[PDB]
Each structure stands twice: as C-alpha cells, then as structure tokens.
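Visitor: Here's a sequence, model it:
(2 chains, ligands or ions: 2)
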Amino acid sequence: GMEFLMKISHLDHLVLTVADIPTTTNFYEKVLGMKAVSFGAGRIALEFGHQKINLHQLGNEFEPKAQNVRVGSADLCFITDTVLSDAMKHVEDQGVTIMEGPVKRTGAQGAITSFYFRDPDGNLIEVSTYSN
Amino acid sequence: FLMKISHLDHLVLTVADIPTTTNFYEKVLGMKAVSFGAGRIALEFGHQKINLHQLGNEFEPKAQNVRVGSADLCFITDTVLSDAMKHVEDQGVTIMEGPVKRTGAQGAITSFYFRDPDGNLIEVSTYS
Ligand SMILES: [Ca+2]
Ligand SMILES: [Ca+2]
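Guide: Numbering: from 1, shown residues only, chains lettered A, B, ... in the order given. Ligands and ions are numbered 1, 2, ... in the order given. Now the structure:
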C-alpha cells in the first residue's frame, strides 16, 4: 500500500519491576482493590478493569525487559468509578499516607480530580475521577 | 465499601530528550504530541496519554527513582500487525523479534518488539 496510518488503540499492560512481589501484590489488592492473577510459568499480574500490570522481581526479571529496570521509577494515574472521597478514606484506612488531594489536575480526556500516594517501592500513584 | 479501579489514564515517562522522544512516538507509533499546563508536553493515543519529563528538569511530585529507559509497555493496535511492523521497520527502527505469540490482559496476543530512543521496551500487539 501507500501512506499507511500507524495508530495505537490503548495500553494493554506495562511491567513494573519491584523489590518484593508478595509485598506489591498485597498492597495493590488491599489498597486499590486489584486482583492478583497467576499466568504462564508462575508469573504474576495485577488486573484492573480490562488491563493489567505485570510484575517482575528485581534480580529475577524476564528477558527482554526495559533497558534500565528500576524499582520506584513509575508514575501512574488510575481512574476510579468509586466516589473519590470514599476511595481516599479506604486508602487511608489501609495505613497509607495521602500526599496531596483532592486537587484539580489534568487527565487524558480533560480535567480530573486526583489524590496521590506512594506504593511500597516509591512509585507515585494518582487515583482520579472525571466526576464533578 | 468496595475499592475498584477502572483503567489507567496516563503515566509519566522520564526521558533524556523530549524533542527526540516526541519525534519518535509521533512518527513510529502515530501518536500526537500536545502541550498542556505550564509548558508540559504529552503524547496522546486513544483515551490515554503519556506525560513526558526530561531528566534533570525540576518537577514535584514524581517517581521516587525516575530513570530513563525503565519502562516496558505493550500497546494494542487495530491495524494488521504486519502493516504495523512494516511501518516501524520503515522508520529505521530495529525490530527485535516478531511476530510472536504472547499474553495480553484479555487473552492471547501476537506481538513485535523494539526499543524507543531511551531504551524503553515497546511491544506492539493485536488480539486478532
Ligand atoms: Ca499525573
Ligand atoms: Ca509484555
């Protein structure tokens, strides 16, 4: 053909490299209500909606991988359909410190309201809604 | 109360050079670079985006250990994979392997792999 238009639909998954898989899995299940799943040859992922995060253990990663794997190097913003104030209470109840929020920020689709906190490796997590 | 996440809205990539990165994702992955906020830059696709930070620039808050080349991303395309692979190859980007059978969030996928300018690993895939 001629003039093919390259187009991406969405991000299906990403790989986080973490200090300790069991710590990370427990954290995301309890704090973000994600589902830990086992797939392939004893691999672990966390499901949210219809996408997922694959976990690699630092020092035991699979190839190929990021050129420079690094714990605590991710900065992710997730949309929740729950009432944000209830989500924030839920996160705090799990013994997590809210760094900042609720505050107006920018999302892919326009204005969002967000709050922020750290995961066990120091990854920055932003939980957000498009709801007023 | 039942905590639950719908989807990922965006993530921040820390890169050596924003202009190099922009040119790559626009040409190779057909993304649109847009400005927002106070001189911030993002790459748009579907209903998501990737925010760019240049290593060394002051920003807060951010990842505890920002690192260029530390991301490992799988994108779905609705194009025929062989067309997408020809496109990428034609932009002068080395294909590492593909097409190969892999696992996506919602079942089996077919993929190919390459790296971006900083070494981030990029998997482009289809469910078809
Ligand atoms: Ca953000
Ligand atoms: Ca993958």
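
Visitor: Which secondary structure element is home to the nearest residue to residue A:32 once chain neighbours are set aside?
Guide: Using C-beta to C-beta, 6 or more residues apart in numbering or on different chains and skipping residues adjacent in sequence, the residue nearest residue A:32 is residue B:5, 5.4 Å away. Every residue, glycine included, has its C-beta placed from N, CA and C. Remark: residue B:5 resides in no helix or strand, with elements defined by DSSP states H and E.

Visitor: which ones are touching residue B:5?
Guide: For residue B:5, the contacting residues are A:32, A:33, A:34, A:48, A:49, A:78, A:79, A:80, A:127, by C-beta atoms under 8 Å, 6 or more residues apart in numbering or on different chains.

Visitor: One more pass at 6 Å, please.
Guide: Residue B:5 makes contacts with A:32, A:48, A:78, A:80, as judged by C-beta atoms under 6 Å, 6 or more residues apart in numbering or on different chains.

Visitor: Farthest pair within the residues you listed?
Guide: For those, the maximum inter-member distance is 9.5 Å, found between A:48 and A:80 (C-beta to C-beta).

Visitor: so the most centrally placed residue in chain A bridges to which residues?
Guide: The residue lying closest to the centre of chain A (C-alpha atoms, centre = their mean) is residue A:76, at 5.4 Å. Counting by DSSP bridges, residue A:76 forms beta bridges with residue A:125, residue B:11.

Visitor: do you know how far it is from ligand 2?
Guide: 16 Å (C-beta to the ion, to the nearest Å).

Visitor: Residue A:124 now?
Guide: Where ligand 2 is concerned, residue A:124 sits at a distance of 22 Å (C-beta to the ion).

Visitor: again with residue A:63
Guide: 11 Å.

Visitor: How about residue A:49?
Guide: Taking C-beta to the ion, one finds residue A:49 at 18 Å from ligand 2.

Visitor: can you check residue A:81 too?
Guide: 26 Å.

Visitor: near ligand 1, which residues of chain A show up?
Guide: Contact residues, chain A versus ligand 1 (C-beta under 5 Å from the ion): A:77, A:126.

Visitor: and with 8 Å instead?
Guide: A:75, A:77, A:105, A:106, A:114, A:124, A:126 (C-beta under 8 Å from the ion).

Visitor: Mind telling me the two of these farthest from one another?
Guide: Counting by C-beta to C-beta, the most remote pair of those is A:106 and A:124, 15.2 Å apart.

Visitor: how near is the residue nearest to residue A:32 to ligand 1?
Guide: Residue B:5 sits 15 Å away from ligand 1, taking C-beta to the ion as the criterion.

Visitor: which parts of chain A sit against ligand 2?
Guide: So far as C-beta under 8 Å from the ion goes, chain A lies against ligand 2 at A:13, A:15, A:54.

Visitor: of those, closest to chain B?
Guide: residue A:15 (3.8 Å; C-beta to the nearest C-beta).
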